[PDB]
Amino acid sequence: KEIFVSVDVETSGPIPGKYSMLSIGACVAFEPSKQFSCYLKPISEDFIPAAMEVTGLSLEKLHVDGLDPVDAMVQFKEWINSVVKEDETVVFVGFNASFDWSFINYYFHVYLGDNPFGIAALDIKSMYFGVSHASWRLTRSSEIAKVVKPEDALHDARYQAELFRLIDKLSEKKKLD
């Protein structure tokens, strides 16, 4: 009875504390119509320029427009509990999950003292590495999209959820055929 949740974050740099989680996007992997997204105020002035070029965001604007980090993580928790029943379990799902998890875990423990996702994350590249036993270099998103033919942090969350479903079907078929 598991509810898989596709999560993606935008950040101003490679690690939390020194750098900031700037936005969260999340959808229910198998019910992507159920969606969560918000922007955060930075917790640091430091940033990597290449990282800010990727996001397109402004730290100065987010200091005015973003949510206080505690409010963001409270709302994320509320959402998670809204899509997961007491008799159900949540599973964090990400693409290069360890990056996004490092920020989600840091912020949950800093601001709320607990991470409702628990302690483990499901990583789609790692899943595909096992389904297809291709090289690690060939788990890049573009190389996956050639094999599985799929059709902003929320946009990334929805796209990654679709990869998850297709790799899921590929492993189910491989297992049951």
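Heads up: residue numbers just count along the shown sequence, starting at 1.
K.L.:
As recorded in the PDB entry, how many deposited residues are without coordinates between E151 and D152: none, 1 to 3, 4 to 9, or 10 or more?
P.N.:
The entry has 4 to 9 unmodelled residues between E151 and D152.
K.L.:
On mean C-alpha B-factor from the PDB entry, just flag whether 85-93 or 99-107 is the higher one.
P.N.:
Per the deposited B-factors, the answer is 85-93.
K.L.:
Per the record, averaged over C-alpha atoms, which has the higher B-factor: 3-11 or 168-176?
P.N.:
In the deposited entry, the stretch with the higher C-alpha B-factor mean is 168-176.
K.L.:
Going by the deposited entry, which of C38, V147, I43, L62 has the highest CA temperature factor?
P.N.:
Checking the PDB record, the top C-alpha B-factor among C38, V147, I43, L62 is at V147.
K.L.:
Among the candidates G113, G118, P69, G130, give the one with the maximum CA B-factor reported in the record.
P.N.:
That would be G130.
K.L.:
Taking the C-alpha B-factors as the PDB entry records them, is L57 in the lowest, middle or highest third of its chain?
P.N.:
Middle third - that is where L57 ends up once the chain's C-alpha B-factors are sorted.
K.L.:
With respect to C-alpha B-factor, does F47 fall in the lowest, middle or highest third of the chain as deposited?
P.N.:
Lowest third - that is where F47 ends up once the chain's C-alpha B-factors are sorted.
K.L.:
Relative to the other modelled residues of the same chain, rank the CA B-factor of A134 and answer lowest, middle or highest third.
P.N.:
Highest third, going by the recorded CA B-factors of the chain.
K.L.:
Sorting the chain's modelled residues by C-alpha B-factor, tell me whether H155 ends up in the lowest, middle or highest third.
P.N.:
Within its chain, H155 is a highest-third residue by C-alpha B-factor, going by the deposited values.
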